[PDB]
Each structure stands twice: as C-alpha cells, then as structure tokens.
Amino acid sequence: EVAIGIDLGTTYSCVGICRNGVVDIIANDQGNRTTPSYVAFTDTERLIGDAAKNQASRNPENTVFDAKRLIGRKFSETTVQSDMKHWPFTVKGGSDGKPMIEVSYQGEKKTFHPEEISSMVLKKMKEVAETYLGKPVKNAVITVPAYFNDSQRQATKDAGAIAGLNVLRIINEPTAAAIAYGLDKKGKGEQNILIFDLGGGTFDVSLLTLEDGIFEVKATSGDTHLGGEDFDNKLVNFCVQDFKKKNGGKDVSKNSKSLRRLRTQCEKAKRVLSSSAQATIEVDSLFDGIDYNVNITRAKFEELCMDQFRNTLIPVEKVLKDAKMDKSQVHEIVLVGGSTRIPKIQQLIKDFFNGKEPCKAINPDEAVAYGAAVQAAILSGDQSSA
Ligand SMILES: Nc1ncnc2c1ncn2[C@@H]1O[C@H](COP(=O)(O)OP(N)(=O)O)[C@@H](O)[C@H]1O
Ligand SMILES: COc1ccc(NC(=O)Nc2ccncc2)cc1
Ligand SMILES: COc1ccc(NC(=O)Nc2ccncc2)cc1
Ligand SMILES: [Cl-]
Ligand SMILES: [Cl-]
C-alpha cells in the first residue's frame with residue numbers, strides 16, 4: 001500500500017515518501033539525505049552506500065560504482081570502452097554481450113550484471129524508507145534520465161524487481177524535478193521549463209513544455225562526463241602541483257591511493273566553498289609520510305573551474321536552438337543535482353537568463369526523489385499532493 005519515490009543516481013541515490021500531500025526525503029542510518037550508489041565486497045561483508053564509499057580507497061578493486069553507465073548496455077558499446085578507464089573494478093563481457101562486473105567476495109571470484117549492482121542500491125534505499133516507516137515498502141516509482149532507451153529502462157525496472165519492489169512506473173528525471181515544484185498544477189497555459197541537472201558525474205539539460213498537466217520533453221543535451229567529480233579533479237591537479245612546489249618535485253600522482261585520499265578531501269573543501277569564502281584541504285601523511293595542507297579561496301576554485309562552469313551554458317544554448325525558442329521564453333529554470341549548489345554556477349545561469357531567479361527551494365540533490373515520491377503517491381490513489 002505504501003509507495004516510495006527513488007532517484008537511482010549515477011553517484012548518489014535518494015528516497016522520498018509523499019504522505020498526506022507533503023514529501024519527506026528520508027535520511028539513511030548515518031543521517032544522510034542521499035546515499036552513494038556504491039556497493040563494496042570485502043573478506044566478510046557486502047557494504048552498500050556510505051560504508052562502501054568510505055572504504056573505496058582501501059579496497060578499489062572490489063568497490064563498485066557507476067553501474068548506471070553500464071545498465072541496459074552491451075559490453076561492446078563504445079561508451080563502455082571509453083568509460084572503463086575510470087573504473088578500478090573489472091568489467092568483462094558475457095557470452096550474451098552483457099557487462100559482468102567482477103569482484104572478490106569472501107575470498108571468491110563473483111560476477112554481477114549492472115542491474116544486480118543497481119538492485120543492491122535500490123534494496124538499501126527500500127530499507128532506508130522501511131526503517132523510517134517501521135513497516136515494509138513494496139511499491140515504488142524509479143526515475144531514469146530522459147535519454148535512457150528501452151533497454152536501459154527495462155534493466156532499471158528489473159533492478160527494482162530484484163530488490164523486491166513492485167515498480168509502479170519508470171519516469172524521466174527532468175519531469176520528476178518539474179513535478180516536485182508543482183509546475184504541472186501551477187496555474188494554466190503552456191509553460192516552457194528548463195531543467196539544469198549537474199550531479200556528481202553527469203550534466204543534463206532538458207527543455208520541457210507543460211500544457212494542461214501534460215509534460216513533454218522537447219529537447220535534451222548535456223555532457224555525460226561533466227559533474228562534481230571533474231571539479232574535485234581540478235582541486236586534485238592543483239594540489240598535486242602545489243605538493244611538487246613544497247616538497248622538491250615529489251609527485252603524489254605516482255601513488256593511486258595518495259590521489260584517492262586527496263580527492264576525498266578536495267571534494268569536502270569544494271562543498272565548504274559553496275557557503276564559505278575559504279576552505280582547507282588537509283591530508284596527513286599523504287605521500288612519503290609527508291603531511292599536506294593548503295588553503296583554497298572560493299575565487300581560486302572558481303578560477304580553476306572557470307571554463308568548465310562557463311561551458312555548462314553551451315548545452316543550454318543547444319536545447320533552446322533544438323526547440324526553436326528564445327531564452328526569454330523559458331518560464332522556469334529548475335536547479336537539480338548537488339553541483340547546482342556552487343554559487344558561481346547559480347550566478348552564471350541567472351546571468352544567462354537575464355536576471356531570472358532559478359527555482360532552487362528544494363535541495364537540488366533531492367528534487368528528483370521528491371517528484372518521484374509525489375508520482376508514487378498519485379499512482380497509489382492518493383490525490384492529497386494535488
Ligand atoms: N554543497 C555542495 N557544493 C558543491 N557540490 C556539491 C555540494 N553538495 C553536493 N555536491 C556534489 O554533488 C555531486 C552529487 O550530486 P547528486 O545530485 O547527489 O548526484 P547524482 N548521482 O544525481 O549525480 C557530488 O559531486 C557532490 O560533491
Ligand atoms: C519477481 O522476482 C524476480 C526475480 C528475478 C528477477 N530478475 C533477475 O534475476 N534478473 C537478472 C538480470 C541479470 N542478471 C541476473 C539476474 C526479477 C524478478
Ligand atoms: C575545460 O572545460 C571543459 C572540459 C571538458 C568538459 N567535458 C568533457 O570532458 N566531456 C566529455 C564527455 C564525454 N567523454 C569525455 C569527455 C567540459 C568543460
Ligand atoms: Cl504512499
Ligand atoms: Cl513515521
């Protein structure tokens with residue numbers, strides 16, 4: 001009877017419930033409102049979420065992430081060939097052409113299809129909701145990117161069925177974000193909505209039209225390899241060069257564990273820089289037992305990422321051109337994805353749209369789950385949200 005909305009994200013997942021017309025985004029057992037889409041295998045246990053991301057640098061070969069980049073794809077696809085450079089875990093092709101993720105679990109070699117890894121993330125999100133509700137949860141609405149094909153959607157639905165969920169519907173991420181803001185019920189007449197979704201690994205821009213409660217995806221664009229991890233890498237590359245200038249040319253990049261530890265701290269400092277003018281990147285015994293410390297101003301972060309931030313406007317211009325419409329015709333700009341919290345990105349979008357304030361009242365990394373939760377309640381017969 002109870003239905004949840006799940007954003008099964010590339011890097012982070014989020015679960016919400018819409019009861020009595022209001023939406024609660026549910027915190028996990030660490031108090032986090034989003035959960036890493038990570039699954040790790042050790043000598044003793046299967047870790048999911050925060051626990052899996054937290055030991056990634058200690059167990060790189062057996063820590064799986066990015067299964068969303070493989071779900072519903074053939075191993076031979078050029079996307080898989082190109083993406084696999086980024087993965088410390090092994091991925092091979094089965095006789096059926098499906099990707100097989102290979103890990104060691106309890107001293108044994110184990111293989112998993114992408115939908116099996118995603119089913120474990122979905123199972124964790126289901127359990128996060130169940131702990132909060134104190135009752136079992138069976139029904140769910142799961143979101144997918146607008147460009148996902150039938151194979152990708154079907155495999156995501158299968159991941160839900162494996163997790164023990166009755167998938168009421170698979171819906172588009174940009175549409176879920178628009179539903180979260182009630183833009184389907186907002187007044188009347190045609191409304192042109194731009195969804196600017198910049199997450200941990202991907203960037204998606206979608207131009208929607210809403211006429212009479214019906215959402216149509218007019219045009220989409222973006223970059224499948226532009227997200228928060230690329231901004232973290234700018235801080236990593238800077239710190240690697242700064243360590244060289246401080247420690248007689250010593251190169252941290254020669255040690256992959258030193259890079260991973262630095263990357264964890266670079267991402268934390270990046271988050272701090274979204275609400276403070278300065279942040280510290282500190283790693284004790286980073287490389288050769290040498291302690292590392294550096295202060296980064298928001299201005300230096302903005303400078304390192306200057307081109308990447310400005311280039312987010314290129315897919316915005318593309319969707320407007322494809323939809324044959326002017327930027328002045330966009331009624332609402334919705335900010336989605338954790339990276340939209342970066343002040344410079346918010347300023348660039350506002351300036352592009354001639355001072356129009358973007359819709360950001362909902363925590364951007366929760367807006368998709370929030371909309372999916374609303375849709376789950378509607379599909380369960382609850383008309384209180386409307
Ligand atoms: N406060 C913050 N400032 C800057 N970046 C932030 C942030 N809070 C979260 N992020 C970034 O958001 C990304 C994850 O975004 P999210 O929307 O949850 O992930 P996803 N799987 O949908 O792509 C990470 O790169 C994270 O560092
Ligand atoms: C209702 O019970 C169900 C039981 C099993 C599945 N699917 C399943 O096992 N699929 C799969 C895909 C790829 N690799 C391994 C497994 C779905 C529903
Ligand atoms: C310095 O400015 C920028 C540089 C690169 C990007 N994106 C990017 O590398 N895209 C990509 C997509 C798919 N495969 C590989 C790469 C964005 C801004
Ligand atoms: Cl419900
Ligand atoms: Cl409760």
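Don't worry about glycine lacking a Cβ; one is built from the backbone with ideal geometry, like all the others, and counts go over all protein chains shown. Quick note: the coordinates plus some simple rules give every number you see, no bench work behind them.
Things to note:
- Cα-based equivalent ellipsoid, region 117-269: semi-axes from gyration tensor eigenvalues, Å: 38, 23, 14
- In the chain, the DSSP-assigned H stretches of four residues or longer account for a calculated mean residue ellipticity at 222 nm of -10500 deg cm²/dmol, using -39500 (n - 2.57) per stretch and the full residue count as denominator.
- Hydrodynamic radius of region 65-120 per Kirkwood, over alpha carbon pairs, in Å: 11.4 Å
- Largest-first principal axis extents, alpha carbons of region 1-148, Å: 48, 36, 22
- Principal semi-axes of the equivalent ellipsoid, √(5λ) from the alpha carbon gyration tensor of region 227-311, are 22, 13, 12 Å from largest down.
- Ignoring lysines fewer than eight residues from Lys218 along the same chain, the ones with Cα atoms less than 17 angstrom from its Cα are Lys318, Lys321, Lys324, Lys327.
- With only Cα atoms counted, the chain has Rg and Dmax values of 21.1, 67 Å.
- Share of Cα-Cα pairs in region 1-73 lying beyond 20 Å, as whole percent: 40 percent
- Coarse-grained scattering of region 132-214 at q = 0.13, 0.15, 0.27 Å⁻¹, given as base-10 log I(q)/I(0) from a Debye sum over alpha-carbon atoms: -0.53, -0.69, -1.22
- Length-normalised contact order for region 33-141 - Cα pairs under 8 Å, 6+ apart - percent: 26 percent
- The alpha carbon centroids of region 243-307 and region 30-81 are separated by 24 Å.
- As a length-normalised measure over Cα pairs under 8 Å and 6 or more apart, the relative contact order of region 227-311 settles at 25 percent.
- Summed residue charge, Cβ within 12 Å of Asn293's Cβ, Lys/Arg positive, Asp/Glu negative: -3
- Rel. contact order, % - alpha carbon contacts under 8 angstrom, at least six apart, the chain: 21 percent
- Sequence-distant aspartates and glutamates (8 or more away, or on other chains) whose Cα lies within less than 14 Å of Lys135: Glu1, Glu127
- Gyration tensor verdict on region 99-148 (Cα atoms; rounded if a/c is under 1.5, prolate if a/b is larger than b/c, oblate otherwise): oblate
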